[PDB]
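Chain by chain, the residues run as shown.
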Amino acid sequence: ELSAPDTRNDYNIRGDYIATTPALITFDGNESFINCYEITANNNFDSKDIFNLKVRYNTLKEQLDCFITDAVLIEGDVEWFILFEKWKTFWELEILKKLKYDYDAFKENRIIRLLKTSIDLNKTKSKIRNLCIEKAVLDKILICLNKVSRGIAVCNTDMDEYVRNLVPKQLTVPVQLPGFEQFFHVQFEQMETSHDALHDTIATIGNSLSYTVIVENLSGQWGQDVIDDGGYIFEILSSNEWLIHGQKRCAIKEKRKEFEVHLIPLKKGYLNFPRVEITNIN
Amino acid sequence: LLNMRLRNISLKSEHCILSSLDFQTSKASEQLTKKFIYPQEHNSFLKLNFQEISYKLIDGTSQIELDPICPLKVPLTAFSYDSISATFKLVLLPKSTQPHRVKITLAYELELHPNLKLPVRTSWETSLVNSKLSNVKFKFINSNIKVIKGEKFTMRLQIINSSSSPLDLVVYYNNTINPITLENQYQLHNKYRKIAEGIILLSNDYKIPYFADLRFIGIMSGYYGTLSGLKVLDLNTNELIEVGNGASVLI
Amino acid sequence: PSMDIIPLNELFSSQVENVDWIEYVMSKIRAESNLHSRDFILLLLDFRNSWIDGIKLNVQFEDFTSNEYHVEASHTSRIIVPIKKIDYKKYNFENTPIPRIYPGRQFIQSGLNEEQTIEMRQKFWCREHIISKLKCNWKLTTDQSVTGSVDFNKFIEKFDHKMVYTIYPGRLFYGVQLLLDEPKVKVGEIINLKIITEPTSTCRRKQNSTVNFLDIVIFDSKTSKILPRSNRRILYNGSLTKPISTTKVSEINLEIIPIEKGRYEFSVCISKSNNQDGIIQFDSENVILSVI
């Protein structure tokens with residue numbers, strides 16, 4: 001979830017992820033989980049508010065342990081009437097050293113134990129006053145879970161209202177730049193090779209430093225390369241920056257720069273500072 | 001020592017080497033004149049470039065630019081002008097000369113006068129399909145770039161062979177997927193997919209008999225630069241000549 | 001002598017209405033909105049005479065009738081015929097092809113396994129479908145009354161793995177379509193997506209792994225797909241691994257909000273596990289949107 005601060009602008013967070021239908025994720029750093037938020041800027045410039053989030057979660061070890069407890073040794077209420085209600089904390093102290101295999105639990109298997117000890121556990125259960133009506137079930141469940149594999153079905157059926165979700169939070173202050181600009185250029189390509197049908201990118205990014213500059217990269221061309229030299233005319237509106245290119249060439253490296261952070265600056269005109277450099281080669 | 005100049009030369013495939021000169025006001029000269037100008041309270045300079053030209057050879061000919069150029073004047077800037085030289089098949093390296101005229105106008109209409117002239121050699125710092133065995137060459141006589149819709153069209157091969165046995169070769173397109181990092185795996189799959197069913201040859205398994213007209217029809221839209229499906233097999237001493245030539249957009 | 005079968009994916013907008021198959025296939029696409037594109041397959045068969053005189057060679061399908069070609073003396077002329085796919089759930093393709101006789105024991109201990117028998121039944125019954133509609137009715141140009149028919153039974157030899165993929169979609173591992181709400185959406189808007197999945201009758205082949213993993217790839221309509229950081233591109237909730245299961249009509253509905261441009265195409269991929277080189281099906285439904 002995501003929460004908006006007490007300043008209460010017209011921030012419209014349309015992004016709000018609810019994992020209602022899946023109770024599933026994995027974060028083993030092989031694939032990439034990306035969450036994203038489609039927020040809105042304020043009614044005016046607003047650069048420093050505070051955002052705090054709400055991630056409910058669990059960990060998969062007690063997810064499979066809740067599954068193994070609720071459907072491996074305490075499935076019915078008949079065994080839950082006597083055989084485990086007097087040894088529940090002993091069952092938790094036995095379950096905390098299970099150490100199930102979480103390396104093949106993300107590849108076509110779930111609730112599959114590793115090569116942990118199962119020899120002296122019977123002697124440890126026999127050392128106390130554990131009756132055979134529970135010592136048969138607590139041995140047969142570990143013997144079954146020593147080699148078994150489940151699926152993604154009937155996982156939420158055990159996970160439903162049987163996990164304390166640690167609703168953690170963080171802090172994201174929505175960082176901002178320093179030097180606002182607003183420019184728009186226009187090009188006219190004197191063709192070396194006739195046209196290479198280039199793909200465009202009208203950038204919007206601002207430089208935030210002192211005694212600095214704004215460096216731009218040209219559009220991307222994908223036919224026969226090394227050619228299509230583009231001429232340009234600036235019309236550098238709403239400022240007085242310094243330009244450092246004239247009639248470049250759209251091959252391997254042109255880098256039509258514009259020295260910006262020297263004179264005639266402004267304040268933070270938006271959420272961050274902006275430079276919405278929209279080229280238009282028509 | 002007021003505007004550092006460099007020239008970059010590139011080799012276009014259309015038999016015209018393009019050389020572009022770039023001029024930029026050097027930063028050491030900028031601070032050098034800038035502190036003495038800001039002593040008299042000046043922030044932006046005025047170097048008026050009023051006559052910039054490039055000359056060719058021992059007889060001086062003025063090769064023009066690729067576009068227009070006025071008489072401009074600015075400070076703390078850089079500008080590049082590109083001329084089109086002629087591609088040389090021999091080892092004669094052309095030596096050209098360039099010249100400029102920077103009018104370093106100090107204020108209240110009290111201007112200095114500077115001129116500069118460099119001269120150096122325009123070096124470049126270092127298709128027809130030919131086989132590996134014999135004299136057999138391939139080239140498409142029709143222009144390899146062509147603009148078609150998804151309709152029927154034609155294309156024209158040409159063979160220059162040893163005149164001893166000009167025949168005994170066959171063409172075919174091989175409309176099947178080549179049998180292949182999941183991202184690079186699926187990128188190579190998309191390349192091998194759109195190769196194998198993008199255009200289809202309307203006469204494959206085709207015995208050749210110095211022209212050879214072969215006719216396609218194009219199905220799927222996109223630019224097929226070096227369309228490499230079609231594969232001319234040589235019958236005797238069984239090997240394969242790839243034809244990595246031709247590029248048809250289908251829009 | 002030969003034959004090959006290739007599908008198609010472009011819609012073929014008009015003024016290309018002079019080529020004989022295109023008007024028929026675009027007429028079937030044009031009205032009847034359930035009769036969709038993307039599932040037509042062209043079969044490419046090459047008529048070649050060994051004679052001294054020209055022929056005309058009109059090809060009749062069950063309703064498709066081709067134009068009048070002209071094969072002169074020894075040349076080939078690939079006549080391109082449209083055909084739709086053959087639906088696996090509507091038909092049955094796992095019954096033994098019958099012998100004519102009922103007399104001989106025919107060496108009743110048949111030397112075949114299960115899956116080799118089933119792929120032999122598929123390879124026979126696919127050409128049993130494509131022969132039982134195909135015709136041709138030829139005539140000579142200089143004689144004009146020597147009109148005869150042809151067969152196809154002594155000419156088509158067998159199939160391979162490519163023909164049984166391309167003709168029969170039941171050989172594949174899952175059946176997918178996509179549902180998209182607005183293909184012309186402005187950039188400041190998030191749009192629900194849908195991926196229906198319907199497994200096959202080759203789901204019997206594995207029988208143990210009850211999960212498979214639906215990858216998602218995105219490509220700029222030109223080439224060169226986007227790496228999953230997806231900056232300047234589709235801003236996407238969730239992650240692109242989305243586990244699905246055998247014998248399930250699942251729907252991995254997702255969300256997609258654009259950033260910069262228009263030309264985007266969406267597709268899937270099946271990979272059977274999470275490791276490298278577990279991949280089984282390069283699925284290619286590949287529908288398109290735009291963002292103004």
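Residues numbered from 1 in each chain as written, not as in the entry; some residues may be left out. Chains lettered and ligands numbered in written order. Part of a larger assembly, values for the part shown. Heavy atoms only, no water. Residues with missing side-chain atoms left out of burial classes, pairs and counts.

- Per the deposited record, determination of this structure is attributed to cryo-EM, with the resolution reported as 3.71 Å.

A few points about the overall build of chain C
Then comes step 1: Counting its regular elements, chain C contains three helices and 12 strands.
Then comes step 2: Dimensions of chain C along its principal axes, counting C-alpha atoms only, are 70 × 60 × 30 Å.
Then comes step 3: Taking the intrachain contacts of chain C between residues at least 6 apart in sequence as the baseline, contacts between residues at least 24 apart amount to 70%. (Helix = DSSP H or I, 4+ residues; strand = E, 2+ residues; numbered from the N terminus. Contact = heavy atoms within 4.5 Å.)

What to know about the overall build of chain B
Then comes step 1: Scanning chain B from N- to C-terminus turns up two helices and 21 strands.
Then comes step 2: In terms of overall dimensions, chain B is more spread out than a globule: its C-alpha atoms have a radius of gyration of 28 Å, far above the 18 Å expected for 251 residues.
Then comes step 3: Projecting the C-alpha coordinates of chain B onto the three principal axes gives extents of approximately 85 × 50 × 35 Å. (Rg over C-alpha atoms; globule rule 2.2 N^0.38 Å.)

Considerations on the sheet that holds strand β11 (residues 264–270) of chain C
Then comes step 1: If you trace the four strands from one edge of the open sheet to the other, you get β9-β8-β11-β12 (chain C), paired in antiparallel fashion. The open sheet terminates on both sides in strands that have one partner only, identified here as β9 (243–245) and β12 (287–289) of chain C. Strand-to-strand, the axes of this sheet are offset by a mean angle of 35 degrees, without reference to chain direction.
Then comes step 2: Note: β11(C) against β12(C), three bridges, orientation antiparallel. Counterpart to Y264(C) in the pairing with β12(C) is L289(C).
Then comes step 3: Taken strand by strand, helix α2 (residues 182–197) of chain B contacts β8 (211–220) and β11 of chain C, and its axis lies near 60 degrees from that of β8(C). (Pairing = 2+ DSSP bridges. Axes fitted to C-alpha atoms, helices over the stretch in contact; angles between N-to-C directions.)

Describing unusual backbone geometry
Then comes step 1: Here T226(B), not a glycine, exhibits a phi torsion of approximately 40 degrees, which is positive.
Then comes step 2: Tracing the backbone shows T226(B) in the loop between β18 (224–225) and β19 (231–234).
Then comes step 3: Look at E32(C): it is not a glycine, yet its phi comes out positive at around 55 degrees.
Then comes step 4: Relative to the helices and strands, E32(C) resides in the loop between α1 (20–30) and β2 (41–48).

Re the interface of chain A and chain C
A common measure of how large an interface is: the accessible area buried when the components associate.
Then comes step 1: The interface of chain A with chain C comprises 13 residues on the first partner and 14 residues on the second.
Then comes step 2: When grouped by side-chain class, the residues that make up the side of chain A that touches chain C number six nonpolar, four polar and three charged. (Nonpolar A, V, L, I, M, F, W, Y, C, P; charged D, E, K, R; others polar.)

A look at the interface of chain B and chain C
Then comes step 1: At the junction of the two partners, chain B supplies 27 residues and chain C supplies 31 residues.
Then comes step 2: Among the elements of the structure, α2 and β15 (199–201) of chain B are those that each provide at least two residues to the side of chain B that touches chain C.
Then comes step 3: Among the elements that make up the side of chain B that touches chain C, the one with the highest residue count is α2(B) (10 residues).
Then comes step 4: Across the side of chain B that touches chain C, the residue classes tally to nine nonpolar, 11 polar and seven charged.

Quick look at the environment of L250(B)
Then comes step 1: With respect to the helices and strands, the residue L250(B) is situated in the segment after β21 (247–249).
Then comes step 2: The spatial distance from the C-alpha of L250(B) to the C-alpha of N236(B) is 36 Å, given a sequence separation of 14 residues.

Quick word on the sheet that holds β21(B)
Then comes step 1: With mixed pairing, the three strands of this open sheet are ordered in space as β12-β21-β18 (chain B). Strands at the two margins of the open sheet, each flanked by one partner only, are β12 (145–147) and β18 of chain B.

Observations concerning the packing of aromatic side chains
Then comes step 1: Centre to centre, the rings of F27(A) and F33(A) are 5.3 Å apart; their planes meet at 25 degrees, and the pair counts as stacked.
Then comes step 2: Where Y186(B) meets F219(C), the ring centres are 5.2 Å apart and the plane angle is 35 degrees; that geometry is what we call tilted. One end of the pair, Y186(B), is in helix α2; the other, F219(C), is in strand β8, on a second chain.
Then comes step 3: Linked through ring pairs, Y91(C), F93(C), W125(C) and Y168(C) together constitute an aromatic cluster. (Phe/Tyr/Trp six-rings, centres within 6.5 Å; stacked < 30°, edge-to-face > 60°.)

Looking at the pattern of salt bridges
Then comes step 1: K61(A) is the partner of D65(A) in a salt bridge, and the nearest nitrogen-oxygen pair spans 3.4 Å. Of this pair, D65(A) and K61(A) both sit in helix α1 (residues 60–73), four residues apart, roughly one helical turn.
Then comes step 2: For the salt bridge of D220(C) with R233(C), the shortest nitrogen-to-oxygen distance reads 3.9 Å. Note that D220(C) is positioned in strand β8 and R233(C) in the loop between β8 and β9, a separation of 13 residues in sequence. (Salt bridge = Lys/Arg side-chain N within 4 Å of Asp/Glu carboxyl O.)

Some remarks on the environment of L180(C)
Residue and element names in this part refer to chain C.
Then comes step 1: Relative to the elements of secondary structure, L180 occurs in strand β6 (residues 174–180).
Then comes step 2: Distance in space between the C-alpha atoms of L180 and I191 is 8.0 Å, their sequence separation being 11 residues.
Then comes step 3: When sequence neighbours within four positions are dropped, the list of residues in contact with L180 reads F266, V287 and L289.

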